[PDB]
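Okay, structure first, notes after.
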Amino acid sequence: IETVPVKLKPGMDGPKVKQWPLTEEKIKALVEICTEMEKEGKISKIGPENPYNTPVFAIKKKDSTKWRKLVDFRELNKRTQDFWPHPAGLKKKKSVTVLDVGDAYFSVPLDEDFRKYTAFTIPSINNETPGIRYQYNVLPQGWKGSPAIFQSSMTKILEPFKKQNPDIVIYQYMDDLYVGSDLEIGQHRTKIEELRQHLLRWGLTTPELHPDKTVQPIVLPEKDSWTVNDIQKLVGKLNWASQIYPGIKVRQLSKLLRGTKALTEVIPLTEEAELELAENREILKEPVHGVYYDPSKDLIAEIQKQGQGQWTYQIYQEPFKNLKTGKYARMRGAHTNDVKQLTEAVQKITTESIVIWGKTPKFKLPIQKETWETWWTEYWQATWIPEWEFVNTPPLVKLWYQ
Amino acid sequence: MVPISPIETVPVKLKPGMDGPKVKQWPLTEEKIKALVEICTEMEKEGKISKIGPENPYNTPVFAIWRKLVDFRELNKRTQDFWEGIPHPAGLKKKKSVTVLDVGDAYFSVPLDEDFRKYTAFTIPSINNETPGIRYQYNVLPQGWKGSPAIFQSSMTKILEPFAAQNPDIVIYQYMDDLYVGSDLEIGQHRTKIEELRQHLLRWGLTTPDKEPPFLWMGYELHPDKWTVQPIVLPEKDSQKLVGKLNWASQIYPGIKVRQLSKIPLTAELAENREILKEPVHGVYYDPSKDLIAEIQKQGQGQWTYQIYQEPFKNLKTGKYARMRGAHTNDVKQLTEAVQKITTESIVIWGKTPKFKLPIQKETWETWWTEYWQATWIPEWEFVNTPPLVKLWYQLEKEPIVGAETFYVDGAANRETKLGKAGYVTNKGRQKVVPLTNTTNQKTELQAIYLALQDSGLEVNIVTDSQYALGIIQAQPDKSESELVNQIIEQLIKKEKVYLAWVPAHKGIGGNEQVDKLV
Ligand SMILES: C=CC(=O)N(C)CCOc1ccc(Cl)c(Oc2cc(Cl)cc(C#N)c2)c1
């Protein structure tokens with residue numbers, strides 16, 4: 001009813017981000033979507049006195065054949081003033097369901113002075129006509145201040161359902177509700193429908209996740225016959241692991257490699273070497289020492305392409321102190337397209353990271369900037385977008401995660 | 001008196017914390033002052049300016065050349081920012097008729113925000129400076145003010161929006177003080193619709209009088225059936241401008257090359273370029289009913305050329321791509337990058353990705369992307385058999401080779417003396433150490449691998465501890481800046497099977513002969 005006061009950070013101006021080129025079908029979808037939002041009053045045409053801009057594009061979520069508008073509010077989010085909690089138990093729940101609650105924000109007006117900062121441009125093919133320029137009147141999807149503002153009304157719609165089901169953990173990140181239950185799968189599917197119906201009673205309209213078994217162990221081969229090459233790779237992996245785990249030792253194993261032998265020759269292990277291997281195995285079973293999470297520091301996610309649709313990743317804040325490692329091997333309409341696979345892996349790792357820590361990591365992508373920047377929007381399906389950078393030098397460590 | 005619809009003004013404000021301009025008026029001559037007074041009197045009689053009292057404390061200088069020139073550089077420095085990409089002719093769609101209209105009278109018919117007029121004040125000095133100068137402020141967008149182009153085009157666009165919506169069968173393009181209207185209707189109906197547009201512009205009090213293709217626009221020539229760059233003639237000289245004009249010509253003239261001239265007389269002469277830059281070439285216009293095709297050729301030295309077309313031999317446009325500046329590279333990476341650029345340019349100009357025709361075999365591309373450590377992708381494409389074909393020049397083994405000699409290599413160098421050594425020991429007892437001057441650890445680690453490649457059979461296993469060397473070879477270059485790397489590449493091309501294994505240094509792995517190399 002009454003707009004909440006909102007301002008930018010001190011010394012910062014509104015965003016002025018270039019709109020990137022869209023295909024004709026995406027432009028037409030945005031034209032139809034935006035024409036409808038104008039009629040509903042959610043956006044309004046603006047004039048040349050507004051210099052700000054945020055990129056816009058279009059997507060199709062999963063199991064839907066309807067175009068959807070996504071605004072890349074990353075710059076505005078960075079420049080938007082911090083707004084004055086994360087549940088540690090959502091990660092521990094047996095199952096967690098993710099609900100798009102984006103339409104709820106549109107029922108809330110936006111502070112008139114701030115609207116100019118939500119400006120965006122539907123572009124024209126071939127720069128023929130001028131871009132259609134709009135700004136938001138209501139809380140926009142993907143703005144960080146939209147859940148912060150709507151939060152008071154969200155607690156009001158939740159408290160009835162929450163009192164009725166107190167074993168349900170509920171969490172809100174951007175345009176999504178994360179609802180976790182320790183119940184059985186049939187018990188979950190029903191309660192989520194009950195929560196959506198409860199939302200629909202308050203006017204809210206809502207159009208699968210289970211925790212992994214956190215840091216995957218480093219494992220060493222078990223062979224009856226080691227070649228020279230087998231033992232060279234073992235020593236390489238053990239040397240690498242020694243940066244992470246204290247008492248890894250390679251002396252007895254390296255001693256076998258003494259002399260200049262053929263790479264395919266079988267070397268029998270001495271009894272001192274088998275014990276050293278066994279001591280290193282035991283070391284590797286224990287956890288890394290002194291691994292904590294610091295909410296002041298950024299999360300960093302590294303991804304390696306392992307081939308055949310397999311991808312490894314590690315999340316960490318400090319090198320060799322992994323908070324989470326994983327392996328994504330699903331090719332969903334992607335077995336011929338690396339970039340689609342990478343884009344889906346980035347979205348899964350980001351979701352994992354939202355559940356565990358309630359914020360997105362900074363990705364280090366095994367891909368050239370120009371290829372990634374040309375294609376990722378074609379396969380994007382989430383309402384948030386994380387940050388990324390590009391690795392152009394092949395990490396030696398790729399196989400040690402394979 | 002027919003009531004004219006008012007043109008809504010655009011609210012304008014100055015930059016935050018900045019006040020209006022206060023520049024001192026330059027002393028003028030007596031005839032200049034008389035000239036300015038006549039001009040401003042007719043402008044005032046027309047509404048463009050208005051006399052102001054002395055409360056207004058702002059001033060912008062004025063000059064005469066008559067013509068009045070108000071120098072708004074200072075007010076522009078203090079005016080807010082405004083929302084600011086030109087069409088490409090190969091994107092235009094042919095029309096049976098295209099009419100041009102003059103809307104220059106509307107520029108001086110777009111009002112200026114009232115609260116901002118005071119900032120536009122200017123003073124005509126008086127004769128012999130014995131009276132107070134005449135004081136005027138603008139009521140319309142001053143030519144030369146910062147916001148005039150953006151506010152003007154924006155005001156016209158709002159005016160034409162209903163007309164373009166009620167007439168989907170025509171097309172309107174705004175450029176400078178002229179409007180371009182085209183359609184595919186019969187010459188009768190098309191001239192009718194032009195009269196409706198003049199009627200519609202009269203509802204805002206805009207007068208249009210009552211160019212002839214080819215149009216000359218932004219360095220192009222636009223004909224009813226073809227387009228081309230405005231005539232480009234290569235220069236004849238004995239002793240940058242040739243770069244820009246060739247880059248400009250490259251968009252239509254296929255095969256322009258600019259590397260050595262992009263690289264102070266020298267040679268270049270390719271730099272003739274006349275062969276084509278002397279015969280006349282034209283591109284066609286876009287037909288949305290036909291498919292869109294892009295074809296790339298390798299030209300050598302990191303250079304690539306491409307044509308975009310819909311029917312064979314009638315190009316919409318052409319272009320080139322230059323390798324990115326780097327230390328190592330290969331042809332597939334370059335071709336990939338060229339594909340990405342043509343992809344983005346095509347989405348700009350036609351709103352879709354072209355179908356690609358590429359000089360690479362399907363099997364070559366599959367081997368590449370399945371084994372490349374990065375993710376990579378090119379959109380739908382088919383092989384075209386136009387030499388030189390892009391190919392993989394070597395492929396390292398995944399497993400050690402049985403029966404192939406194992407070379408343990410190492411190099412090392414002294415930071416002060418620049419003296420080092422490179423060499424190998426193998427399982428057959430073969431051995432070599434070469435002494436080197438003016439070298440580094442990095443170069444000796446490469447040279448050791450090179451020696452093993454030179455002195456081994458067609459199949460060989462090589463063991464190094466150089467993370468630096470593995471970093472380079474795992475990038476799969478086919479060409480380098482370093483002649484060492486290029487010699488390793490040339491050796492790798494001649495082998496049948498190469499297996500490269502890495503071990504950690506100074507951990508007691510045998511054969512890893514840091515002692516011979518550090519002697
Ligand atoms: C009859 C001509 C024709 O069919 N031609 C030129 C090719 C298609 O070309 C068009 C079509 C429609 C318009 Cl409305 C247009 O008008 C413009 C566009 C631009 Cl980008 C610049 C100028 C100028 N200065 C005029 C050209």
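Residue numbers start at 1 in each chain; chains themselves are named A, B, ... in the order of the structure tokens; ligands are numbered from 1 in the order shown.
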Spatial neighbours of residue 223 of chain B, max dist 8 Å, only C-alpha atoms, sep filter under 3 positions, as an MDAnalysis selection string
chainID B and resid 213:215 226:227
Give the residues close to ligand 1, within 10 Å, counting only C-alpha atoms and all ligand atoms; write them as a PyMOL selection string.
(chain A and resi 126-129) or (chain B and resi 86-100+170-176+178-184+211-218+220-227+284-286)
Residues of chain B within 6 Å of chain A, counting only C-alpha atoms, what are they? List them as a list in words.
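So the contacting residues turn out to be residues 82, 83, 86, 87, 347, 348, 349, 351, 352, 374, 375, 376, 406, 427, 503, 504, 508, 509, 510 and 511 of chain B.
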My list of candidates is A:323, A:273, A:163, A:116. Which is closest to residue 45 of chain A when distances are computed with only C-alpha atoms?
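The answer is A:116, which sits nearest to residue 45 of chain A.
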If you run DSSP over the backbone, which residues in segment 406-505 of chain B end up alpha helix (DSSP H)? Put them as JSON, numbers by chain.
{"B": [441, 442, 443, 444, 445, 446, 447, 448, 449, 450, 451, 452, 453, 454, 467, 468, 469, 470, 471, 472, 473, 483, 484, 485, 486, 487, 488, 489, 490, 491, 492, 493, 494]}
Create the file for the chosen residues now, containing C-alpha atoms and written as a PDB file, in the first residue's frame.
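Written output follows (part25.pdb):
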ATOM      1  CA  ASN B 441      64.600 -22.929 -16.695  1.00  0.00           C
ATOM      2  CA  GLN B 442      61.558 -22.676 -18.958  1.00  0.00           C
ATOM      3  CA  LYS B 443      63.561 -22.881 -22.140  1.00  0.00           C
ATOM      4  CA  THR B 444      65.665 -25.800 -20.981  1.00  0.00           C
ATOM      5  CA  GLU B 445      62.543 -27.750 -19.973  1.00  0.00           C
ATOM      6  CA  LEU B 446      61.204 -27.259 -23.480  1.00  0.00           C
ATOM      7  CA  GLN B 447      64.547 -28.109 -25.059  1.00  0.00           C
ATOM      8  CA  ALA B 448      64.855 -31.369 -23.151  1.00  0.00           C
ATOM      9  CA  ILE B 449      61.474 -32.494 -24.555  1.00  0.00           C
ATOM     10  CA  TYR B 450      62.591 -31.407 -28.016  1.00  0.00           C
ATOM     11  CA  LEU B 451      65.737 -33.538 -27.722  1.00  0.00           C
ATOM     12  CA  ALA B 452      63.697 -36.614 -26.818  1.00  0.00           C
ATOM     13  CA  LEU B 453      61.439 -36.016 -29.798  1.00  0.00           C
ATOM     14  CA  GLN B 454      64.426 -35.680 -32.198  1.00  0.00           C
ATOM     15  CA  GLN B 467      54.396 -28.091 -15.285  1.00  0.00           C
ATOM     16  CA  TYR B 468      55.225 -25.250 -17.676  1.00  0.00           C
ATOM     17  CA  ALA B 469      55.790 -27.568 -20.681  1.00  0.00           C
ATOM     18  CA  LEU B 470      52.678 -29.613 -19.964  1.00  0.00           C
ATOM     19  CA  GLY B 471      50.628 -26.414 -19.714  1.00  0.00           C
ATOM     20  CA  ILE B 472      51.694 -25.497 -23.247  1.00  0.00           C
ATOM     21  CA  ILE B 473      51.315 -28.891 -24.930  1.00  0.00           C
ATOM     22  CA  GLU B 483      60.580 -21.245 -32.238  1.00  0.00           C
ATOM     23  CA  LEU B 484      61.279 -23.905 -29.564  1.00  0.00           C
ATOM     24  CA  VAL B 485      57.550 -24.700 -29.253  1.00  0.00           C
ATOM     25  CA  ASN B 486      57.201 -24.637 -33.043  1.00  0.00           C
ATOM     26  CA  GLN B 487      60.035 -27.124 -33.301  1.00  0.00           C
ATOM     27  CA  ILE B 488      58.357 -29.365 -30.762  1.00  0.00           C
ATOM     28  CA  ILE B 489      55.125 -29.025 -32.775  1.00  0.00           C
ATOM     29  CA  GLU B 490      56.978 -29.994 -35.962  1.00  0.00           C
ATOM     30  CA  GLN B 491      58.453 -33.033 -34.224  1.00  0.00           C
ATOM     31  CA  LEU B 492      55.018 -34.046 -32.871  1.00  0.00           C
ATOM     32  CA  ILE B 493      53.537 -33.950 -36.386  1.00  0.00           C
ATOM     33  CA  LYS B 494      56.121 -36.507 -37.523  1.00  0.00           C
TER      34      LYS B 494
END
Excluding residue 102 of chain A and residues on its chain fewer than 3 positions from it, collect all residues at most 7 Å away from it, counting only C-alpha atoms, and give them as a PyMOL selection string.
chain A and resi 105+141+175
Can those selected residues be exported to a file as a short mmCIF file (atom, residue, chain, number, x, y, z; two decimals), in the first residue's frame so that it contains C-alpha atoms?
data_model
loop_
_atom_site.label_atom_id
_atom_site.label_comp_id
_atom_site.auth_asym_id
_atom_site.auth_seq_id
_atom_site.Cartn_x
_atom_site.Cartn_y
_atom_site.Cartn_z
CA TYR A 105 6.42 -9.30 -5.81
CA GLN A 141 11.91 -10.14 -10.39
CA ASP A 175 12.29 -15.34 -6.41
#
Check the DSSP output for the backbone and give back, as a VMD selection string, the residues of segment 265-347 of chain A in strand (DSSP E).
chain A and resid 266 to 267 300 to 307 310 to 318 321 to 328
Okay, now the selection with C-alpha atoms, as a PDB file, in the first residue's frame?
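Contents of the output file part.pdb:
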ATOM      1  CA  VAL A 266      55.317 -53.967 -13.703  1.00  0.00           C
ATOM      2  CA  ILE A 267      57.064 -53.102 -10.445  1.00  0.00           C
ATOM      3  CA  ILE A 300      34.595 -19.954  -5.194  1.00  0.00           C
ATOM      4  CA  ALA A 301      33.419 -22.792  -7.477  1.00  0.00           C
ATOM      5  CA  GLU A 302      35.781 -24.526  -9.899  1.00  0.00           C
ATOM      6  CA  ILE A 303      34.487 -26.883 -12.608  1.00  0.00           C
ATOM      7  CA  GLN A 304      36.408 -29.417 -14.701  1.00  0.00           C
ATOM      8  CA  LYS A 305      35.182 -31.124 -17.872  1.00  0.00           C
ATOM      9  CA  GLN A 306      36.077 -34.817 -17.482  1.00  0.00           C
ATOM     10  CA  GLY A 307      34.540 -36.037 -20.753  1.00  0.00           C
ATOM     11  CA  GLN A 310      30.965 -35.975 -16.521  1.00  0.00           C
ATOM     12  CA  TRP A 311      31.870 -32.813 -14.637  1.00  0.00           C
ATOM     13  CA  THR A 312      33.710 -32.397 -11.367  1.00  0.00           C
ATOM     14  CA  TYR A 313      33.457 -29.360  -9.124  1.00  0.00           C
ATOM     15  CA  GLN A 314      34.791 -28.012  -5.822  1.00  0.00           C
ATOM     16  CA  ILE A 315      33.438 -25.093  -3.742  1.00  0.00           C
ATOM     17  CA  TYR A 316      35.829 -23.428  -1.351  1.00  0.00           C
ATOM     18  CA  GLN A 317      36.853 -20.086   0.092  1.00  0.00           C
ATOM     19  CA  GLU A 318      40.512 -20.762   0.654  1.00  0.00           C
ATOM     20  CA  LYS A 321      40.109 -26.075   2.136  1.00  0.00           C
ATOM     21  CA  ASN A 322      37.131 -27.489   0.249  1.00  0.00           C
ATOM     22  CA  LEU A 323      33.721 -26.899   1.833  1.00  0.00           C
ATOM     23  CA  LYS A 324      31.936 -28.988  -0.820  1.00  0.00           C
ATOM     24  CA  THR A 325      33.098 -31.215  -3.725  1.00  0.00           C
ATOM     25  CA  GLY A 326      30.875 -33.000  -6.226  1.00  0.00           C
ATOM     26  CA  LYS A 327      30.455 -34.692  -9.582  1.00  0.00           C
ATOM     27  CA  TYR A 328      27.655 -33.919 -12.082  1.00  0.00           C
TER      28      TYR A 328
END
